[PDB]
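Asks: sharing the initial chains of the complex here, in place:
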Amino acid sequence: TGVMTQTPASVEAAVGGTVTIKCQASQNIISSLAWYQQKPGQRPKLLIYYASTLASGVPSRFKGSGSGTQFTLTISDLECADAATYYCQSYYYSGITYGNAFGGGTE
């Protein structure tokens, strides 16, 4: 099946610093990864799709990277409003191979 190993579960970083989140897929997903932002008591907010493309209206300090099995999410120039739980998800659909899963999440 498809699973997503997202590290780390939680992380601390000062305002103005950079934080790195990583997502690992059990199978190759060919750059078909998304990144979401979720604040407590709120619906998720789309951040990045296709591992690199930034969603409209999302600050450029959120930077996604990766291909295949390994992907990273980097948040530079950290702000107070950035504190939230961050998830990744695979929407891989070659046509014959189905890979869909959510990351465990990073606080």
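Replies: That came through, no problem. Residues are numbered from 1 along each chain as shown, chains lettered A, B, ... in the order given.
Asks: use CA for all of it now, contacts and neighbours both
Replies: Will do.
Asks: which stretch of helix or strand covers the most far-flung residue of chain A relative to its centre?
Replies: Among residues of chain A, the one most distant from the C-alpha centroid is residue A:96; the distance is 24.6 Å, by CA atoms, centre = their mean. Following DSSP states H and E, one finds residue A:96 outside all helices and strands.
Asks: need phi/psi at it.
Replies: Taking degrees, to the nearest 10, you get phi -110, psi -20 for the backbone angles of residue A:96.
Asks: any idea how far it lies from residue A:66?
Replies: Taking CA to CA, to the nearest Å as the criterion, residue A:96 is separated from residue A:66 by 23 Å.
Asks: ditto for residue A:50
Replies: Relative to residue A:66, residue A:50 is positioned 10 Å away (criterion: CA to CA).
Asks: common neighbours of those two, please.
Replies: Both residue A:50 and residue A:66 are in contact with residue A:31, where contact means CA atoms under 8 Å, 6 or more residues apart in numbering.
Asks: would you map the helices across chain A?
Replies: Taking DSSP state H to define them, one finds no helices in chain A.
Asks: what about the longest strand in chain A?
Replies: Under DSSP state E, the strand in chain A containing the largest number of residues is strand A:85-93.
Asks: in it, what's buried?
Replies: A:85-92 (16 or more other CA atoms under 10 Å).
Asks: using CSV, please lay out those together with distance to residue A:15.
Replies: Below are the buried residues of strand A:85-93 laid out as CSV (distance: CA to CA, whole Å):
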residue, distance to residue A:15
A:85, 16
A:86, 17
A:87, 21
A:88, 23
A:89, 27
A:90, 30
A:91, 32
A:92, 34
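Asks: neighbours of residue A:31, how many?
Replies: A count of nearby residues for residue A:31, using other CA atoms under 10 Å, gives 20.
Asks: tell me what the nearest residue to residue A:21 once chain neighbours are set aside is bridged to.
Replies: Using CA to CA, 6 or more residues apart in numbering and skipping residues adjacent in sequence, the residue nearest residue A:21 is residue A:73, 4.9 Å away. Listed beta-bridge partners, residue A:73: residue A:21, residue A:64 (assigned using DSSP bridges).
Asks: so who does residue A:73 touch?
Replies: For residue A:73, the set of contacting residues under the criterion of CA under 8 Å, 6+ apart consists of A:20-22, A:35, A:62-65.
Asks: sequence below should go in as chain B:
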Amino acid sequence: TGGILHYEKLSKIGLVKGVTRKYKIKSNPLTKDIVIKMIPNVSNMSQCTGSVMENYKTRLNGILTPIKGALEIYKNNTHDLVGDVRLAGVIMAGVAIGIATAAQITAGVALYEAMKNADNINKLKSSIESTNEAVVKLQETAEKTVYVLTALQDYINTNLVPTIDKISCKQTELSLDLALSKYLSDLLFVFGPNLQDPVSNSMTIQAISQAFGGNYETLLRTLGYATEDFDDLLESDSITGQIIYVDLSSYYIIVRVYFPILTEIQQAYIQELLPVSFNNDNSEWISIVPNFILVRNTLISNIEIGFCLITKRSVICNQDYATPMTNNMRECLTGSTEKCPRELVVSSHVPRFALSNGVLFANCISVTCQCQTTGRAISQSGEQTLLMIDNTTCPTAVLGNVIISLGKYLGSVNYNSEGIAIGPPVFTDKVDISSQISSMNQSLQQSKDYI
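Replies: Let me put chain B in with the others:
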């Protein structure tokens, strides 16, 4: 090669000697396998796929399942017993097969021999599904490098993903569905119900390549085939492929390409005769005689040239296309010109002269023959069928509006003076042949009733 066809008498009845070609037949095939993915990778444009890919998968499964079952009929009933000195091959379950031709059974044996490398290739099944390029090379231990061709993958990568920004998602989805449907429409002619016996290595690689849009050049060059007779093998339908595995879950197939080498058939040539209309009894005629004669070990036989590739140097065939010849035709080619039939010429356009060994053979009654050297016309009497024009008669002849210089004829010095016996007239039209047969039955029956 020598002469056993009595070409002089044949020339007098309008059959001019043509080019002598070699006889080459395919043999010793070189086997290479290749994977063909019938479903493109749409991961980079998955948002606009909709349900198109599911419908396409259903249709492609409907197409592919009969091929898999036909192959399984032999795969399930072919057993590889533990090898030893008593048996050197595998056994075919004749009762289980039930009814099969010799070629089909040999193709089943070939399918078994393919099964080994087919199993080796299928170890990379997860990698095959992950491929997103039109042509890709798979390496894992530098052993039997697997090549994978994917259908429509180049269209997905160069025409739909680049324009995904520019056009709406529904437009992109419709374009994808149209591409898949056109691929199915073109692929159906080869892989549909027309493909009755998938257990056969007789299908040409050009037909096999329809799964890859008919780009057999890419398929062949990817596997690394290279030979001087690449084009000669291709055009003579000698390069063939065989489906050796079908995956209904992943929608890909493995084909085994049979690449042979041309071998010159020793002590064999193929002589061609150029038909020319000759005049007899104030009428024009054409000898109804094999234009291509196969001679092998000085044995005259007919040949089914239509299935062969004719080049200037040789005749290339994917099998022996020799056919028997009746004794009367062989006696006429032997030199009994009264045995070759002829047919009336009523068409305004028919070959009325030819050129062999620098010597002309012209119907100077139908055409206007003039001698450019002497400046006087070349006339042909009614008693003679053809006219031989050479250096003794005319150094530079003029046939219509062509001016050709001639050589010297090497036959009888009195060719135009000797003459020969004309054969019988015939009618080659189909309904005419039926009419002739029926009138013959009536004449024979009247004679028998008189008896």
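Asks: the neighbour count of residue A:31 again, this time with chain B added?
Replies: With neighbours defined by other CA atoms under 10 Å in any protein chain shown, the count for residue A:31 comes to 22.
Asks: now it: how far from residue A:52?
Replies: Applying CA to CA, the value for residue A:31 to residue A:52 is 8 Å.
Asks: shared neighbours, those two?
Replies: Here residue A:31 and residue A:52 have residue A:66 as joint contacts, going by CA atoms under 8 Å, 6 or more residues apart in numbering or on different chains.
Asks: quick one: residue B:23 is in a strand?
Replies: Yes: residue state for residue B:23 (DSSP: H, G, I helix; E, B strand; the rest coil) corresponds to a strand.
Asks: which residue ranges of the stretch 151-300 of chain B form strands?
Replies: Assigned by DSSP state E, counting those that start in this stretch, the strands in the stretch 151-300 of chain B fall at B:203-204, B:240-247, B:252-275, B:278-279, B:284-287, B:292-296, B:299-303.
Asks: next one: the longest one to chain centre, how far?
Replies: Remark: strand B:252-275 is offset 9 Å from the chain centroid, using CA atoms, centre = their mean, to the nearest Å.
Asks: can you tell me the element residue B:27 falls in?
Replies: Taking DSSP H and E as the criterion, the element that holds residue B:27 is strand B:15-37.
Asks: for whichever residue of chain A sits closest to chain B, list the residues it contacts.
Replies: The nearest approach of chain A to chain B comes at residue A:94, 4.5 Å away (CA to the nearest CA). When contacts are counted by CA under 8 Å, 6+ apart, residue A:94 touches B:40-43, B:46, B:129-130.
Asks: what does chain B have sitting close to chain A?
Replies: Those residues of chain B that sit near chain A, judged by CA under 8 Å from any CA of the partner chain, are B:39-44, B:46, B:53-54, B:129-130, B:249-251.
Asks: try it again at 6 Å.
Replies: Residues of chain B lying close to chain A (CA under 6 Å from any CA of the partner chain) are B:41-43, B:46, B:53, B:250.
Asks: tell me which two of these sit farthest apart.
Replies: By the measure CA to CA, B:46 and B:250 form the most distant pair in these, at 17.4 Å.
Asks: returning to what we had before: deepest-packed of the strands of the stretch 151-300 of chain B, please.
Replies: Across the strands of the stretch 151-300 of chain B, averaging neighbours per residue (mean count of other CA atoms under 10 Å in any protein chain shown) puts strand B:278-279 on top, at a mean of 28.
Asks: append chain C to the structure above:
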Amino acid sequence: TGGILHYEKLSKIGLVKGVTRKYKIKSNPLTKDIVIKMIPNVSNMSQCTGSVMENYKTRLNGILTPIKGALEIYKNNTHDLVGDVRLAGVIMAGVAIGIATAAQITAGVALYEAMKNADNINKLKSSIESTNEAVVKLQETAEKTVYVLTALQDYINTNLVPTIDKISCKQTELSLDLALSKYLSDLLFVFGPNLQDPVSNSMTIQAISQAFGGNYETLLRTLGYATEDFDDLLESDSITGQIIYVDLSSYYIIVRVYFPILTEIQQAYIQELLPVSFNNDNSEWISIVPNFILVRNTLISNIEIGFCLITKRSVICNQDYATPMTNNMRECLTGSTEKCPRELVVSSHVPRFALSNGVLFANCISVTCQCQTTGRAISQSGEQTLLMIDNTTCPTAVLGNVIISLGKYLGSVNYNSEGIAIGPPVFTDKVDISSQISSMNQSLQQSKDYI
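Replies: Chain C, in position alongside the others:
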């Protein structure tokens, strides 16, 4: 099904019993109409059209006008009188038609029956011109939803409008003109002067779909056709279309798709014989006999298989392709083996064994027959034509390099010991057939003159 072909004697002369297939013929067509727009909508790229669209309109009108006139010949001369109990159909003006075949008149009747839904569709003419998508669905009152396919519209939308920014207007105009000209070059083979009788429902949907780039899969799936025999109906040329309206002002046409269902012909089967070379008089021979025999109500007739689709289970045809058989051929298939002719085998490659009901029928003089069970060779004397190999003689036979296990033969226990009478030899080559006919006329004439 039963046996009426005397298969044992036939097997002795090299005709091995093959698969028995059903007889299926199309019938009961399901009619659906669809609009095909032969001119794409270029409104979104009108600046780079230039005069290309006008030239294309002129050329397409030149192509389309003869079709419209041919249809009008029947449309103008077909009158629908006020229906009542005295007449139940429409009348055809025979004097006005002048000369017509039966099929052409029936097609004119079908054109009339189409005219109703054709008029309903043409109410949406303004909407048809406004369509800018390759496939579009038209709804107005949920009555007879009209589908419209537009040629080259997908190319306009996905390849020219997206790149209009990237390339010059002259480049885009040239590309558009090239696309239209290629469409005309490919469409001309089907809709040009080759289409002599547009008043006919005999043209296959694959040919009809050339107006839509040959994507007949999209055309058929859009109308919603679905059946288990979709591929069988397609490949057997049973799904046909008929042009029922041509608009020269708007450059679109309406075609009526005839989608039939296959019906099993009761009390009828089609038996196949597998030819195998047999030895006689130190020579190899092949029986010149119908490889496919049609039996219906225990009546043997020939069949024109070439126009039918052969599957493993049945023979699918778009009409009855039965043909008569001469009484001598029927008597040989009946069991008079001296009535079937034979032909000399000179080719190095010809089927020399076959497998039926787990039993082998091999020319063990031409091929090397060995018994894997006993370890000794299987020899065939000169007096016997073929060799029957089964479980009594050899449990596991080896033919060349194939090892096949066998069943038990159910015929005469002394098959290899009985023998049969060989027929006469023949020559099937075309020029050879003419030569044989002519020599026959000469022999018959000599006999008559002696009488």
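Asks: same question on the contacts of residue A:94, but now with chain C added
Replies: Under the criterion of CA atoms under 6 Å, 6 or more residues apart in numbering or on different chains, the contact partners of residue A:94 comprise B:41-43.
Asks: any idea how far it is from residue B:388?
Replies: In this structure, residue A:94 and residue B:388 are separated by 74 Å, where distance is defined by CA to CA.
Asks: coming back round to it: please name every helix or strand in contact with the longest strand of chain A.
Replies: With contacts defined as 3 or more CA pairs under 6 Å, 6 or more residues apart in numbering or on different chains; DSSP states H and E, the secondary structure elements packing on strand A:85-93 are strand A:33-38, strand A:98-102.
Asks: pick the most deeply packed of these.
Replies: For those, average neighbour numbers computed from mean count of other CA under 10 Å are highest in strand A:33-38, which has a mean of 22.
Asks: alpha carbons only: can I get that one in CSV?
Replies: Taking only C-alpha atoms (Å, rounded to 0.1, in the frame of the first residue of the first chain), the coordinates of strand A:33-38 have been written out as CSV:
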residue,chain,number,x,y,z
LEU,A,33,3.0,15.8,-3.7
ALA,A,34,1.0,18.6,-1.9
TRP,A,35,1.6,20.6,1.2
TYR,A,36,-1.1,22.0,3.5
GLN,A,37,-1.3,24.4,6.4
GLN,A,38,-3.7,23.8,9.2
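Asks: how distant is it from the center of its chain?
Replies: For strand A:33-38, the gap between its own C-alpha mean and the chain's C-alpha mean amounts to 5 Å (CA atoms, centre = their mean).
Asks: and what of stretch B:44-63?
Replies: Stretch B:44-63 sits 37 Å away from the centroid of its parent chain (CA atoms, centre = their mean).
Asks: kindly export that stretch (C-alpha atoms) in CSV.
Replies: Output for stretch B:44-63, consisting of C-alpha atoms alone and laid out as CSV, is shown next (Å, rounded to 0.1, in the frame of the first residue of the first chain):
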residue,chain,number,x,y,z
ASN,B,44,1.9,15.3,-13.9
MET,B,45,-1.5,16.2,-15.2
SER,B,46,-3.7,14.1,-12.9
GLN,B,47,-6.1,16.9,-12.1
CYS,B,48,-7.5,17.0,-15.6
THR,B,49,-7.7,13.2,-16.2
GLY,B,50,-11.2,12.9,-14.7
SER,B,51,-12.6,9.5,-15.4
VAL,B,52,-11.0,9.3,-18.9
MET,B,53,-8.2,6.9,-17.7
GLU,B,54,-10.7,4.5,-16.1
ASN,B,55,-12.8,4.3,-19.3
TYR,B,56,-9.6,3.8,-21.3
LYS,B,57,-8.4,1.1,-18.9
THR,B,58,-11.7,-0.8,-19.3
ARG,B,59,-11.6,-0.6,-23.1
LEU,B,60,-8.0,-1.7,-23.2
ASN,B,61,-8.7,-4.6,-20.9
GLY,B,62,-11.5,-5.6,-23.2
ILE,B,63,-9.1,-5.6,-26.1
